[PDB]
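Every residue, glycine as well, gets a Cβ built from its backbone with ideal geometry; the counts of neighbours run over all protein chains shown. Bear in mind these aren't lab numbers, they're just calculated from the coordinates by the rules spelled out.
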Amino acid sequence: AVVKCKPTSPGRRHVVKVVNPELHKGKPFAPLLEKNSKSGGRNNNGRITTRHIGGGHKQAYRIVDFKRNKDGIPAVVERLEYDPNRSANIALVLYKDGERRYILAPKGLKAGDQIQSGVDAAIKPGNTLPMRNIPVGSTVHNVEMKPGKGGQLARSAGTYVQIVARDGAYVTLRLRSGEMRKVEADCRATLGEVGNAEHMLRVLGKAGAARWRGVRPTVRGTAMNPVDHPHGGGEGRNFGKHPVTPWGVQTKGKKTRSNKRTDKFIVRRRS
Amino acid sequence: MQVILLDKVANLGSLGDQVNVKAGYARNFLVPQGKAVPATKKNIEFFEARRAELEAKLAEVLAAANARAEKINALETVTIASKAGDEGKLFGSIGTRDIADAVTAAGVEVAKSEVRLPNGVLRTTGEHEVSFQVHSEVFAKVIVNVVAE
Amino acid sequence: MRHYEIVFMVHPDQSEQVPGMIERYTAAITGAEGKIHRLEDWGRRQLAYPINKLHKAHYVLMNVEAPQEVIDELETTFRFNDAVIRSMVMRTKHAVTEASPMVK
Amino acid sequence: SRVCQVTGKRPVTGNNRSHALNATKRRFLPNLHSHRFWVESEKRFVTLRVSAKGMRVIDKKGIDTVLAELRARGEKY
RNA sequence: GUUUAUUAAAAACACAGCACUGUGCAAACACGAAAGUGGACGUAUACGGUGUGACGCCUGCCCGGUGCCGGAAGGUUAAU
Ligand SMILES: [Mg+2]
Ligand SMILES: [Mg+2]
Ligand SMILES: [Mg+2]
Ligand SMILES: [Mg+2]
Ligand SMILES: [Mg+2]
Ligand SMILES: [Mg+2]
Ligand SMILES: [Mg+2]
Ligand SMILES: [Mg+2]
Ligand SMILES: [Mg+2]
Ligand SMILES: [Mg+2]
Ligand SMILES: [Mg+2]
Ligand SMILES: [Mg+2]
Ligand SMILES: [Mg+2]
Ligand SMILES: [Mg+2]
């Protein structure tokens with residue numbers, strides 16, 4: 001439910017909230033939190049490695065169960081919660097033996113639905129079962145890449161990965177970027193699309209809304225000086241050269257995939 | 001790599017042969033598994049004159065235990081119960097340890113790396129052929145039956 | 001309740017285990033106080049055209065007077081049972097109990 | 001560091017003498033590889049960080065010899 | 001909002017937004033002779049780069065040059 005806010009002040013003129021009343025308006029489950037220190041984009045040498053990262057609000061890492069190990073114990077969903085750490089909403093679930101965990105929320109998962117991981121699960125959104133047991137053509141998310149490792153594919157707000165084939169030990173996955181990847185069929189994969197699908201509908205509206213998210217201002221390269229960026233300089237707005245990263249490498253179209261360990265798994269590249 | 005042999009190998013010859021193989025095949029596979037000795041003239045003395053028939057004895061005390069894991073293991077009534085669904089539909093796959101738990105219990109205490117499988121997963125419930133390679137010369141024709149729960 | 005006619009097409013290599021399935025669908029129909037009127041195995045029958053890269057299948061007819069909850073529950077079975085190829089949950093007005101023309 | 005434990009090969013320095021004979025200092029790195037060697041006199045594997053020349057030495061002197069040379073030299077393995 | 005502490009506070013930068021593009025995750029990229037680290041305890045609705053700069057109506061033709069992308073037969077071609 002998106003809400004185009006009203007222009008009481010310039011800066012609210014274009015804010016589009018995404019008001020989900022189903023999210024829990026309280027404190028998160030404290031035994032599944034830990035410290036999540038910021039970095040500013042600064043590695044162990046102290047230098048900025050990744051630019052434009054800083055400030056924002058303090059956050060606490062919700063320990064989300066991606067590996068999803070509780071086989072055959074049926075879980076019920078206690079409530080959906082907001083997660084500042086990611087773009088999808090998370091669901092505090094409650095197993096039969098009393099263990100509470102967080103999972104990513106599927107699309108049709110509401111407060112009170114049941115879920116179950118394992119092999120003998122039911123094929124319906126929320127359940128985690130190995131991809132030699134999910135039918136071909138279904139849409140799954142939170143997909144592993146190695147058996148028992150942890151979900152890594154389709155883990156964002158409103159994404160999903162289809163299972164277009166199954167030939168022996170591999171299944172072919174149409175990824176969300178359009179890329180066809182062979183993953184082992186023993187890799188577990190939760191059914192259904194991941195929940196918060198209208199997350200891409202939001203509009204931040206004002207300059208300091210991205211500052212709340214740890215997104216520092218991004219200076220474009222043609223405004224700099226010829227020592228700073230390759231684009232810099234000129235007596236006016238001059239850009240007589242090809243668009244390169246500040247370290248000199250081409251941007252508009254140069255493919256920088258240098259991994260040859262995993263080219264046997266990639267059936268088709270994206271378009 | 002002039003290397004001496006301690007057992008018959010695939011495409012080069014039998015015991016007591018001094019074959020020139022590549023260095024990777026001698027170092028990584030043959031020598032650590034005891035199937036070769038790097039042929040020093042002090043080792044040709046250790047082997048070819050002295051232990052020509054003594055190392056030939058040791059290859060023949062192993063074949064007596066090789067034919068014995070065939071003759072008593074002819075029962076082929078191997079019952080392994082696994083959880084499954086219906087008309088096939090297997091919950092948990094049958095590997096090579098799973099076949100080497102019943103034949104270990106009913107037969108010889110054999111390791112897991114001796115089971116030979118064309119399927120490897122063994123999903124469909126029922127009888128399945130399981131060849132054995134307890135040693136690289138003697139084979140068996142055993143069929144393991146998969147039982148549901 | 002609502003009279004039905006459910007005919008489905010099992011893979012012919014699974015023909016030896018079709019009466020295993022019958023004893024659970026009919027159990028789920030009578031498990032909801034539901035009548036069954038006829039149940040006629042048509043055997044391995046030659047296809048008119050090869051679906052799923054093969055030419056034969058093992059047809060089963062079954063007339064059913066069930067509630068519509070345990071029929072929608074049954075439609076999800078033929079979806080995720082990989083042995084059955086096609087299914088046809090078809091609705092009829094009255095409980096037809098006279099046998100098929102293709103039993104003779 | 002890049003030291004073959006068998007032969008003691010060490011990264012020496014040189015020049016990139018171009019076609020116009022310009023000299024820029026370069027390093028000749030050895031062909032080191034971490035490798036496991038089967039020790040029949042202990043029935044186990046020892047992981048030596050050895051150059052590709054050094055594997056030729058082990059296949060000529062025998063592995064049970066060089067591991068005695070490293071004890072007498074004073075380096076763990 | 002920010003900016004030349006100390007002759008310039010602007011029409012400059014930023015900005016939300018837009019688009020092209022790279023990147024399947026041991027990601028691309030960056031800091032590092034390396035281990036490693038940031039990215040990110042994130043997973044394409046994600047991240048980096050580049051351009052433009054709310055909004056409204058719009059964004060017309062040109063692939064000859066230079067770039068990048070794909071084609072793999074021929075031609076030429078290095079060490080070996
Ligand atoms: Mg940035
Ligand atoms: Mg921007
Ligand atoms: Mg900018
Ligand atoms: Mg300037
Ligand atoms: Mg420059
Ligand atoms: Mg100008
Ligand atoms: Mg000009
Ligand atoms: Mg000089
Ligand atoms: Mg001033
Ligand atoms: Mg001033
Ligand atoms: Mg501008
Ligand atoms: Mg062109
Ligand atoms: Mg052209
Ligand atoms: Mg080209």
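Of note:
- Each listed q (0.10, 0.21, 0.22 Å⁻¹) maps to a log10 I(q)/I(0) for region A:1-113, found by the Debye formula over equal Cα scatterers with no solvent: -0.45, -1.15, -1.20.
- In chain C, taking the dipole from charged Cβ atoms about the Cα centre, the farthest positive-side position among C:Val7, C:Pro50, C:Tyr25 is held by C:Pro50.
- Percent RCO, i.e. relative contact order, over chain A, from Cα pairs under 8 Å lying at least 6 residues apart: 17 percent
- With 10 Å bins from 0: P(r) over chain A, alpha-carbon pairs, percent: 6, 22, 27, 26, 14, 4, 1, 0
- Per-residue average of Cβ from other chains inside 10 Å of B:79-91: 4
- Taking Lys and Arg as +1 and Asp and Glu as -1, the other residues whose beta-carbon sits under 11 Å from that of A:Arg269 total +3.
- Crossing angle, helix C:18-30 versus chain C [Cα axis fit, 0-90 degrees, rounded to tens]: 20 degrees
- Amide H to amide H distances under 5 Å link C:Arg38 with C:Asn63, where only residues 5 or more positions off or on other chains count and H is placed in the peptide plane.
- Based on DSSP H segments of at least four residues, each scored -39500 (n - 2.57), the protein assembly as shown has a per-residue ellipticity at 222 nm of -3500 deg cm²/dmol.
- Least to most buried among A:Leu104, C:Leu47, A:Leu191 (fewest other Cβ within 10 Å first): C:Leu47, A:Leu191, A:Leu104
- Candidates A:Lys182, A:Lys260, A:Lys17: whichever shows maximal mean-square fluctuation once chain A is modelled as a Gaussian network with Cα springs under 10 Å: A:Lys260
- Partner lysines for A:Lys35 [C-alpha distance under 22 Å; skip if fewer than 8 residues away on the same chain]: A:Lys25, A:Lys27, A:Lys58, A:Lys67
- Residue of C:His94, C:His37, C:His11 that the Gaussian network model of chain C assigns the largest fluctuation, springs spanning Cα pairs under 10 Å: C:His94
- Euclidean distance between Cα centres, region A:85-101 to region A:18-81, Å: 12 Å
- Trypsin sites (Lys or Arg not before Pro) within region B:33-127: DSSP coil, no more than 11 neighbouring Cβ in 10 Å: B:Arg50
- Shape descriptor for chain B: Rg over Rh equals 1.13 (Cα atoms; Rh from the Kirkwood inverse mean 1/r).
- Largest mean-square fluctuation among D:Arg36, D:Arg49, D:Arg27, in a Gaussian network model of chain D whose springs join Cα atoms under 10 Å apart, belongs to D:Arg27.
- Length-normalised contact order of chain B in % [C-alpha pairs under 8 Å, at least 6 apart]: 18 percent
- Computed from the Cα positions only, the extents of region A:195-271 along the three principal axes stand at 49, 36, 20 Å, in decreasing order.
- Placed amide H near C:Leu47: partners under 5 Å, 5+ positions off or other chain: C:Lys56, C:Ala57
- For chain D, radius of gyration divided by Kirkwood radius, i.e. Rg to Rh on alpha-carbons: 1.15
- The C-alpha atoms of chain D define a longest principal axis, and helix D:52-61 lies at about 30 degrees to it.
- The H on the amide N of A:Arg166, modeled in the peptide plane, is under 5 Å from the matching H of A:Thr172, each at least 5 residues off or on a different chain.
- Cα centroid separation, region A:198-243 to region C:34-104 (Å): 64 Å
- The calculated pair-distance distribution of the protein assembly as shown uses every alpha carbon pair, bins of 20 angstrom beginning at 0, and gives 12, 31, 34, 20, 4, 0 percent.
- Positive minus negative residues near A:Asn20 (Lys, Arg vs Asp, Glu; Cβ under 15 Å): +3
- What you get for the protein assembly as shown, charging only the Cβ of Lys and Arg (+1) and of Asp and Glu (-1), is a dipole of about 5340 debye around the Cα centre.
- Residues C:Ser15, B:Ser136 arranged by fewest to most Cβ contacts within 10 Å: B:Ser136, C:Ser15
- For region A:117-194, the share of alpha carbon pairs falling in successive 5 Å distance bins from zero is 3, 19, 33, 28, 14, 2, 0 percent.
- Computed log10 I(q)/I(0) for chain C at 0.14 Å⁻¹: -0.53, from the Debye equation with unit scatterers placed on every C-alpha and solvent omitted.
- Scalar couplings 3J(HN,Hα) for region A:230-247, obtained by applying the Karplus form with A = 6.51, B = -1.76, C = 1.60 to θ = phi - 60°, are x, 7, x, x, x, 8, x, 9, 10, 9, x, 7, 7, x, 10, 4, x, 9 Hz; x denotes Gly and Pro.
- Estimated dipole of chain B in Debye, rounded to 20 [Cβ of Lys and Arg +1, of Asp and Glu -1, Cα centre]: 640 debye
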